[PDB]
>>> print(open('protein.tsv').read())   # TSV, C-alpha atoms
chain	number	residue	atom	x	y	z
M	61	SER	CA	-37.06	66.13	16.08
M	62	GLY	CA	-36.66	63.19	13.73
M	63	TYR	CA	-34.84	59.86	13.62
M	64	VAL	CA	-32.02	58.68	11.36
M	65	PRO	CA	-33.04	55.27	10.00
M	66	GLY	CA	-30.67	52.54	11.11
M	67	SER	CA	-28.96	54.65	13.79
M	68	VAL	CA	-30.43	52.39	16.49
M	69	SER	CA	-30.33	48.59	16.44
M	70	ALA	CA	-31.83	45.61	18.25
M	71	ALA	CA	-29.31	42.88	19.03
M	72	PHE	CA	-30.22	39.34	19.98
M	73	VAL	CA	-28.08	37.30	22.35
M	74	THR	CA	-28.75	33.82	23.72
M	75	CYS	CA	-27.54	32.76	27.16
M	76	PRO	CA	-27.56	29.39	28.94
M	77	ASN	CA	-29.72	30.61	31.84
M	78	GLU	CA	-31.40	33.48	33.71
M	79	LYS	CA	-28.46	34.15	36.05
M	80	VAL	CA	-26.04	34.68	33.17
M	81	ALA	CA	-28.57	36.69	31.14
M	82	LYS	CA	-29.25	39.04	34.06
M	83	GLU	CA	-25.55	39.47	34.83
M	84	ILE	CA	-24.69	40.58	31.30
M	85	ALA	CA	-27.82	42.72	30.93
M	86	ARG	CA	-27.05	44.78	34.02
M	87	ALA	CA	-23.40	45.14	33.06
M	88	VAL	CA	-24.04	46.35	29.49
M	89	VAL	CA	-26.67	48.82	30.70
M	90	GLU	CA	-24.43	50.18	33.44
M	91	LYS	CA	-21.52	50.52	30.99
M	92	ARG	CA	-23.91	52.41	28.71
M	93	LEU	CA	-23.29	49.97	25.84
M	94	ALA	CA	-27.07	49.55	25.80
M	95	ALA	CA	-30.13	51.48	26.91
M	96	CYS	CA	-32.46	48.55	27.39
M	97	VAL	CA	-32.44	44.75	27.59
M	98	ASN	CA	-35.52	42.51	27.42
M	99	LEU	CA	-35.04	38.99	28.74
M	100	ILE	CA	-37.15	36.18	27.33
M	101	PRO	CA	-37.02	32.94	29.36
M	102	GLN	CA	-37.97	29.35	28.65
M	103	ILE	CA	-36.41	29.31	25.17
M	104	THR	CA	-35.37	26.06	23.52
M	105	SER	CA	-32.47	26.19	21.07
M	106	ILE	CA	-32.22	23.57	18.37
M	107	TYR	CA	-29.19	22.91	16.20
M	108	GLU	CA	-27.00	20.14	14.82
M	109	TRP	CA	-23.86	19.14	16.71
M	110	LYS	CA	-21.63	16.13	16.16
M	111	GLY	CA	-24.09	14.65	13.71
M	112	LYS	CA	-27.00	14.88	16.13
M	113	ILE	CA	-29.78	17.35	16.92
M	114	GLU	CA	-29.36	19.24	20.20
M	115	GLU	CA	-32.22	20.85	22.12
M	116	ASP	CA	-31.11	23.25	24.85
M	117	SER	CA	-32.82	25.38	27.44
M	118	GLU	CA	-31.75	29.02	27.13
M	119	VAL	CA	-32.75	32.63	27.66
M	120	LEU	CA	-32.97	35.13	24.79
M	121	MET	CA	-31.83	38.74	25.16
M	122	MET	CA	-33.11	41.60	23.02
M	123	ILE	CA	-30.78	44.58	23.34
M	124	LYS	CA	-31.61	48.10	22.17
M	125	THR	CA	-28.63	50.32	21.56
M	126	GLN	CA	-26.99	52.69	19.13
M	127	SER	CA	-26.07	50.97	15.91
M	128	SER	CA	-22.57	52.48	16.16
M	129	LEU	CA	-22.11	50.77	19.54
M	130	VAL	CA	-22.89	47.23	18.42
M	131	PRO	CA	-19.23	46.40	17.76
M	132	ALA	CA	-18.24	47.44	21.31
M	133	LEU	CA	-21.32	45.67	22.67
M	134	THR	CA	-20.30	42.50	20.84
M	135	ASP	CA	-16.74	42.75	22.18
M	136	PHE	CA	-18.00	43.06	25.73
M	137	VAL	CA	-20.52	40.22	25.47
M	138	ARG	CA	-17.82	38.08	23.90
M	139	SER	CA	-15.41	38.71	26.79
M	140	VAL	CA	-17.83	37.69	29.55
M	141	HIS	CA	-20.03	35.15	27.81
M	142	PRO	CA	-19.53	31.49	28.87
M	143	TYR	CA	-19.81	30.28	25.26
M	144	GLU	CA	-16.73	30.08	23.05
M	145	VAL	CA	-18.84	31.49	20.22
M	146	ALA	CA	-21.74	33.56	21.56
M	147	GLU	CA	-24.70	34.32	19.32
M	148	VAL	CA	-24.92	38.06	18.84
M	149	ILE	CA	-26.86	39.39	15.86
M	150	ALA	CA	-28.10	42.93	15.36
M	151	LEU	CA	-30.96	44.25	13.19
M	152	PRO	CA	-31.38	47.95	12.26
M	153	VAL	CA	-34.42	49.85	13.48
M	154	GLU	CA	-35.92	51.83	10.60
M	155	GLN	CA	-38.94	53.45	12.25
M	156	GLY	CA	-40.56	53.71	15.68
M	157	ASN	CA	-41.36	56.12	18.50
M	158	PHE	CA	-38.98	59.06	18.04
M	159	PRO	CA	-38.87	60.12	21.73
M	160	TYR	CA	-38.04	56.51	22.68
M	161	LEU	CA	-35.36	56.20	19.99
M	162	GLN	CA	-34.01	59.60	21.05
M	163	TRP	CA	-33.80	58.29	24.62
M	164	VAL	CA	-31.85	55.20	23.51
M	165	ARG	CA	-29.23	57.45	21.92
M	166	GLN	CA	-29.00	59.86	24.87
M	167	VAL	CA	-28.57	57.32	27.71
M	168	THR	CA	-26.02	55.46	25.62
M	169	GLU	CA	-24.22	58.51	24.28
P	62	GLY	CA	-43.91	39.57	-5.85
P	63	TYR	CA	-43.10	40.95	-2.41
P	64	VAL	CA	-41.64	44.44	-2.38
P	65	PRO	CA	-38.70	44.30	0.07
P	66	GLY	CA	-39.44	46.32	3.20
P	67	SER	CA	-43.12	47.06	2.51
P	68	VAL	CA	-44.06	45.06	5.60
P	69	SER	CA	-42.43	45.69	8.97
P	70	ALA	CA	-42.21	43.91	12.30
P	71	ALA	CA	-42.77	46.27	15.23
P	72	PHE	CA	-41.86	45.59	18.85
P	73	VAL	CA	-43.80	47.16	21.72
P	74	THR	CA	-43.34	46.67	25.45
P	75	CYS	CA	-46.30	46.74	27.81
P	76	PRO	CA	-46.48	46.66	31.63
P	77	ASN	CA	-48.83	43.69	31.83
P	78	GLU	CA	-50.87	41.20	29.82
P	79	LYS	CA	-54.12	43.11	30.39
P	80	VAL	CA	-52.75	46.25	28.74
P	81	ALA	CA	-50.98	44.31	25.98
P	82	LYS	CA	-54.18	42.50	24.99
P	83	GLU	CA	-56.25	45.69	24.98
P	84	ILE	CA	-53.76	47.47	22.76
P	85	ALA	CA	-53.24	44.41	20.56
P	86	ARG	CA	-56.97	43.97	20.03
P	87	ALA	CA	-57.56	47.67	19.32
P	88	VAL	CA	-54.69	47.77	16.82
P	89	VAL	CA	-56.07	44.85	14.81
P	90	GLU	CA	-59.63	46.07	15.20
P	91	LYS	CA	-58.57	49.48	13.85
P	92	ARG	CA	-56.64	47.73	11.07
P	93	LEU	CA	-53.32	49.35	11.98
P	94	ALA	CA	-51.88	45.82	12.06
P	95	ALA	CA	-52.67	42.38	10.65
P	96	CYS	CA	-51.41	40.31	13.53
P	97	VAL	CA	-49.88	40.75	16.97
P	98	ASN	CA	-47.77	38.22	18.89
P	99	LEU	CA	-47.68	38.61	22.65
P	100	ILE	CA	-44.72	37.24	24.59
P	101	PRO	CA	-45.44	37.12	28.34
P	102	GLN	CA	-43.10	37.07	31.33
P	103	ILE	CA	-40.39	39.34	29.97
P	104	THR	CA	-37.88	40.99	32.29
P	105	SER	CA	-36.74	44.45	31.21
P	106	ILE	CA	-33.52	46.00	32.44
P	107	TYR	CA	-32.91	49.66	31.64
P	108	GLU	CA	-31.54	52.89	33.02
P	109	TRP	CA	-33.76	55.42	34.78
P	110	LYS	CA	-32.41	58.64	36.27
P	111	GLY	CA	-28.94	57.13	36.29
P	112	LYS	CA	-30.03	54.01	38.19
P	113	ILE	CA	-30.51	50.52	36.78
P	114	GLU	CA	-34.05	49.19	37.03
P	115	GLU	CA	-35.75	45.83	36.48
P	116	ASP	CA	-39.39	45.40	35.44
P	117	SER	CA	-41.72	42.54	34.59
P	118	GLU	CA	-43.34	43.08	31.20
P	119	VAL	CA	-44.98	41.76	28.06
P	120	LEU	CA	-43.40	42.12	24.63
P	121	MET	CA	-45.55	42.57	21.52
P	122	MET	CA	-44.49	41.71	17.98
P	123	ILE	CA	-46.73	43.51	15.49
P	124	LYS	CA	-46.81	42.86	11.76
P	125	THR	CA	-48.11	45.56	9.47
P	126	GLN	CA	-47.42	47.59	6.32
P	127	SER	CA	-44.32	49.75	6.78
P	128	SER	CA	-46.36	52.74	5.62
P	129	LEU	CA	-48.65	52.26	8.63
P	130	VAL	CA	-45.95	52.24	11.32
P	131	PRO	CA	-46.34	56.00	11.94
P	132	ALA	CA	-50.11	55.72	12.48
P	133	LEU	CA	-49.61	52.61	14.63
P	134	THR	CA	-47.01	54.38	16.73
P	135	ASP	CA	-49.19	57.44	17.22
P	136	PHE	CA	-52.08	55.23	18.31
P	137	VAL	CA	-49.98	53.11	20.66
P	138	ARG	CA	-48.67	56.20	22.42
P	139	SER	CA	-52.18	57.63	22.71
P	140	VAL	CA	-53.42	54.72	24.83
P	141	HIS	CA	-50.19	53.36	26.27
P	142	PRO	CA	-49.85	53.91	30.04
P	143	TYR	CA	-46.12	54.76	29.87
P	144	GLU	CA	-44.94	58.33	29.26
P	145	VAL	CA	-42.60	57.15	26.49
P	146	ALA	CA	-43.75	53.88	24.92
P	147	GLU	CA	-41.15	51.61	23.37
P	148	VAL	CA	-41.95	51.26	19.70
P	149	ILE	CA	-39.34	49.98	17.25
P	150	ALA	CA	-39.90	48.57	13.78
P	151	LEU	CA	-37.65	46.42	11.63
P	152	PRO	CA	-38.15	45.95	7.87
P	153	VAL	CA	-39.09	42.56	6.44
P	154	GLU	CA	-37.02	41.79	3.34
P	155	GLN	CA	-38.21	38.27	2.55
P	156	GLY	CA	-40.75	35.70	3.67
P	157	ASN	CA	-43.84	33.83	2.59
P	158	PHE	CA	-45.43	35.92	-0.16
P	159	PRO	CA	-49.03	34.77	0.47
P	160	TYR	CA	-48.73	35.78	4.14
P	161	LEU	CA	-47.00	39.05	3.35
P	162	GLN	CA	-49.76	39.71	0.82
P	163	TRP	CA	-52.41	39.02	3.47
P	164	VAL	CA	-50.81	41.46	5.92
P	165	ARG	CA	-51.22	44.12	3.24
P	166	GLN	CA	-54.88	43.35	2.50
P	167	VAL	CA	-56.23	43.32	6.04
P	168	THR	CA	-54.62	46.69	6.79
G	63	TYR	CA	-19.05	39.79	7.68
G	64	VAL	CA	-21.05	40.93	4.66
G	65	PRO	CA	-24.04	42.97	5.93
G	66	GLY	CA	-27.34	41.25	5.17
G	67	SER	CA	-25.76	37.91	4.21
G	68	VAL	CA	-27.43	36.29	7.24
G	69	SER	CA	-31.06	36.69	8.26
G	70	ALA	CA	-33.35	35.85	11.14
G	71	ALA	CA	-36.72	34.48	10.06
G	72	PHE	CA	-39.78	34.26	12.31
G	73	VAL	CA	-42.39	31.51	12.05
G	74	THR	CA	-45.35	30.85	14.31
G	75	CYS	CA	-46.77	27.36	14.90
G	76	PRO	CA	-49.88	25.98	16.67
G	77	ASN	CA	-47.99	24.09	19.41
G	78	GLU	CA	-44.48	23.05	20.50
G	79	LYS	CA	-44.86	19.65	18.84
G	80	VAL	CA	-45.18	21.16	15.36
G	81	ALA	CA	-42.55	23.82	16.09
G	82	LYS	CA	-39.97	21.21	17.16
G	83	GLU	CA	-40.75	18.95	14.21
G	84	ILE	CA	-40.24	21.82	11.78
G	85	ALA	CA	-37.18	23.14	13.64
G	86	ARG	CA	-35.39	19.79	13.72
G	87	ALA	CA	-36.10	19.23	10.04
G	88	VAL	CA	-34.79	22.58	8.78
G	89	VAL	CA	-31.61	22.13	10.83
G	90	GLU	CA	-31.23	18.53	9.62
G	91	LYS	CA	-31.62	19.60	5.98
G	92	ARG	CA	-29.11	22.35	6.74
G	93	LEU	CA	-31.60	25.02	5.66
G	94	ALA	CA	-30.74	26.78	8.92
G	95	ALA	CA	-27.98	26.84	11.54
G	96	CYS	CA	-30.28	27.04	14.53
G	97	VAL	CA	-33.75	27.72	15.75
G	98	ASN	CA	-34.85	29.37	18.98
G	99	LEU	CA	-38.29	28.37	20.22
G	100	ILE	CA	-40.31	30.89	22.21
G	101	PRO	CA	-43.19	29.13	23.99
G	102	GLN	CA	-46.55	30.41	25.22
G	103	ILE	CA	-47.25	33.13	22.67
G	104	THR	CA	-50.71	34.66	22.30
G	105	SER	CA	-51.55	35.56	18.72
G	106	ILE	CA	-54.17	38.20	18.07
G	107	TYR	CA	-55.35	38.61	14.52
G	108	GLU	CA	-58.49	39.08	12.52
G	109	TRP	CA	-60.28	36.45	10.50
G	110	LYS	CA	-63.80	36.39	9.09
G	111	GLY	CA	-64.48	39.78	10.66
G	112	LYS	CA	-63.68	38.50	14.15
G	113	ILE	CA	-60.70	38.85	16.48
G	114	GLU	CA	-59.00	35.56	17.28
G	115	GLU	CA	-56.69	34.81	20.20
G	116	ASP	CA	-54.73	31.57	19.81
G	117	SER	CA	-51.96	30.11	21.90
G	118	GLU	CA	-48.91	29.47	19.75
G	119	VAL	CA	-45.14	29.04	19.50
G	120	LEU	CA	-42.77	31.51	17.85
G	121	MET	CA	-39.67	30.35	15.96
G	122	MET	CA	-36.61	32.53	15.32
G	123	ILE	CA	-34.50	30.92	12.58
G	124	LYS	CA	-30.94	31.96	11.70
G	125	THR	CA	-29.74	31.15	8.23
G	126	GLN	CA	-28.09	32.57	5.14
G	127	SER	CA	-30.27	35.19	3.49
G	128	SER	CA	-29.74	33.28	0.25
G	129	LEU	CA	-31.43	30.31	1.87
G	130	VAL	CA	-34.62	32.04	3.01
G	131	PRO	CA	-36.51	31.24	-0.21
G	132	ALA	CA	-35.78	27.50	0.15
G	133	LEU	CA	-36.44	27.60	3.90
G	134	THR	CA	-39.80	29.23	3.15
G	135	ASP	CA	-40.79	26.65	0.53
G	136	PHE	CA	-39.97	23.80	2.88
G	137	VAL	CA	-41.78	25.38	5.82
G	138	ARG	CA	-44.80	25.95	3.61
G	139	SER	CA	-44.73	22.27	2.60
G	140	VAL	CA	-44.70	20.82	6.11
G	141	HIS	CA	-46.54	23.54	8.01
G	142	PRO	CA	-50.03	22.68	9.33
G	143	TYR	CA	-51.65	25.99	8.36
G	144	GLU	CA	-52.77	26.80	4.83
G	145	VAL	CA	-50.92	30.14	4.91
G	146	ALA	CA	-47.87	29.93	7.18
G	147	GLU	CA	-46.27	33.00	8.71
G	148	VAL	CA	-42.67	33.39	7.59
G	149	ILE	CA	-40.93	36.76	7.64
G	150	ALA	CA	-37.19	37.34	7.42
G	151	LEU	CA	-35.08	40.27	8.55
G	152	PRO	CA	-31.44	40.95	7.55
G	153	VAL	CA	-28.64	40.89	10.09
G	154	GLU	CA	-26.38	43.93	9.61
G	155	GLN	CA	-23.88	43.30	12.42
G	156	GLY	CA	-22.99	40.80	15.11
G	157	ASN	CA	-20.28	38.47	16.35
G	158	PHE	CA	-18.35	37.54	13.21
G	159	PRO	CA	-17.41	34.02	14.42
G	160	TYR	CA	-21.07	33.21	15.06
G	161	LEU	CA	-22.15	34.68	11.74
G	162	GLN	CA	-19.45	32.75	9.86
G	163	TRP	CA	-20.54	29.56	11.66
G	164	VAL	CA	-24.10	30.12	10.42
G	165	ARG	CA	-22.77	30.33	6.85
G	166	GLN	CA	-20.56	27.28	7.33
G	167	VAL	CA	-23.20	24.83	8.62
G	168	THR	CA	-25.68	25.84	5.92
>>> encode(input="protein.tsv", output="structure tokens")
Amino acid sequence: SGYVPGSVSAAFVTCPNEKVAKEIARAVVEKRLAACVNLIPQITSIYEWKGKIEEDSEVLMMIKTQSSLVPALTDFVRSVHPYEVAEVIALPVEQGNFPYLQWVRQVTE
Amino acid sequence: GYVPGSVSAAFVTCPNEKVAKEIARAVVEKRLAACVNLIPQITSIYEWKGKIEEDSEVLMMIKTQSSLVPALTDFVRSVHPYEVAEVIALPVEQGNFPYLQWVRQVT
Amino acid sequence: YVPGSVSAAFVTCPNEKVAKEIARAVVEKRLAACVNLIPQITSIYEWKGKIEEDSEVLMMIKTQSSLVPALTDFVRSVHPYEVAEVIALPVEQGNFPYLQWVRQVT
């Protein structure tokens, strides 16, 4: 078959450490809010806070799910994330491997 | 003058660095892509036959013309060890024109 | 949240020293809310008919889409390479409070 552009998205989420990242990744995949999560360790986050530059050690999550599920995914991550304001941003997938994209929709449907 | 979306960023997951490098080199050699960024030590968590699984992998970020994503995907699945290779591409809307221009020329 | 009003831009640098210098500067000048540094990247590209493999650092920058042009000019002015890699992708969804924060600090 084909693929509807933008029907699948990749969401990025930053976590304070590997333990937290793994906990949320397993939960969202089990709850079928996502089909796949890639964890990238050893990240350093830089931003301004209280008039000073902060450099933190974090883990970055790349989450592949149905674009229509991102709101629910964001609600879940927000409810269990240790941060008061968790970074969750999602980008639409326009092209790719159809059987893979088809799989993302099925296991999350 | 960059045409929004004419260049795309594609993400591919490989089992190990050896495979990632072979595919990455072939892709640039064959001009299906201008550049490939390999991110080692990735942990993937996904479903498989109803059960949750965890694998150690390498993530590839490939930049190329959006028009070439289909050819790139076909090639990646031809030599990728997995049955269903992860290949997703996101459109680039803005950036550094000279670089975006270069991506176009080498592919 | 207005779809596409925030973007994530990627920039690669030769080492963590340059990446951090550029990251701290864009945040300081409020050209971006935050930057995530991904260390130990291997870049494979062609140049002069040969395949190169360099060790590098990847930067993921979150800012207002309207700020990408300025962010790009600044990066190009302080970046060590002649032709710096800077590509931006629009954010269509996400956690509204985080997205609004990005707009606020920039």
>>> closest_residue(input="protein.tsv", among="G:163, G:116, G:110, G:125", to="residue 69 of chain G", atoms="all atoms listed in the file")
G:125
>>> atom_distance(input="protein.tsv", atom1="atom CA of residue 98 of chain M", atom2="atom CA of residue 76 of chain G")
24.4 Å
>>> atom_distance(input="protein.tsv", atom1="atom CA of residue 113 of chain G", atom2="atom CA of residue 138 of chain P")
21.9 Å
>>> closest_residue(input="protein.tsv", among="P:99, P:93, P:132, P:66", to="residue 118 of chain P", atoms="only C-alpha atoms")
P:99
>>> residues_around(input="protein.tsv", residues="residue 101 of chain P", least_positions_apart="2", cutoff="9 Å", atoms="only C-alpha atoms", output="list in words")
residues 100 of chain M; 77, 78, 99, 103, 118, 119, 120 and 121 of chain P; 102, 103 and 104 of chain G
>>> closest_residue(input="protein.tsv", among="P:70, P:89, P:97, P:161", to="chain M", atoms="only C-alpha atoms")
P:70
>>> interface_residues(input="protein.tsv", of="chain M", to="chain G", cutoff="6 Å", atoms="all atoms listed in the file", output="JSON, numbers by chain")
{"M": [103, 104, 105, 106, 107, 145, 147, 148, 149, 150, 151]}
>>> atom_distance(input="protein.tsv", atom1="atom CA of residue 128 of chain M", atom2="atom CA of residue 127 of chain G")
22.8 Å
>>> interface_residues(input="protein.tsv", of="chain M", to="chain P", cutoff="8 Å", atoms="all atoms listed in the file", output="PyMOL selection string")
chain M and resi 85-86+89-90+95-101+151-157+159-161+167
>>> decode(input="protein.tsv", residues="segment 91-104 of chain M", atoms="N, CA and C atoms", output="CSV table (one decimal), in the first residue's frame")
chain,number,residue,atom,x,y,z
M,91,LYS,N,1.6,0.8,26.7
M,91,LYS,CA,0.3,1.4,26.6
M,91,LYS,C,-0.1,1.7,25.1
M,92,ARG,N,0.8,1.3,24.2
M,92,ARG,CA,0.6,1.5,22.8
M,92,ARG,C,0.4,3.0,22.3
M,93,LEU,N,1.0,3.9,23.1
M,93,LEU,CA,1.0,5.3,22.7
M,93,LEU,C,2.1,5.5,21.8
M,94,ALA,N,3.0,4.5,21.6
M,94,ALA,CA,4.2,4.6,20.8
M,94,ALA,C,4.6,3.2,20.3
M,95,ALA,N,5.2,3.1,19.1
M,95,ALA,CA,5.6,1.9,18.6
M,95,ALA,C,7.1,1.6,18.8
M,96,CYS,N,7.8,2.7,19.0
M,96,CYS,CA,9.3,2.6,19.1
M,96,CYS,C,9.9,3.8,19.8
M,97,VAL,N,10.9,3.6,20.7
M,97,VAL,CA,11.6,4.7,21.3
M,97,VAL,C,13.1,4.4,21.2
M,98,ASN,N,13.8,5.4,20.8
M,98,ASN,CA,15.3,5.3,20.7
M,98,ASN,C,15.8,6.2,21.8
M,99,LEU,N,16.7,5.7,22.6
M,99,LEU,CA,17.3,6.5,23.7
M,99,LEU,C,18.7,6.9,23.4
M,100,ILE,N,19.0,8.1,23.4
M,100,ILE,CA,20.3,8.6,23.2
M,100,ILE,C,20.9,9.2,24.5
M,101,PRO,N,22.0,8.6,25.0
M,101,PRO,CA,22.6,9.0,26.2
M,101,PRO,C,23.7,10.0,26.1
M,102,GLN,N,24.2,10.5,27.2
M,102,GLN,CA,25.3,11.4,27.2
M,102,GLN,C,25.0,12.7,26.6
M,103,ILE,N,23.8,13.2,26.6
M,103,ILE,CA,23.4,14.5,26.1
M,103,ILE,C,23.7,15.6,27.1
M,104,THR,N,24.0,16.8,26.6
M,104,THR,CA,24.3,17.9,27.5
M,104,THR,C,23.3,19.0,27.0
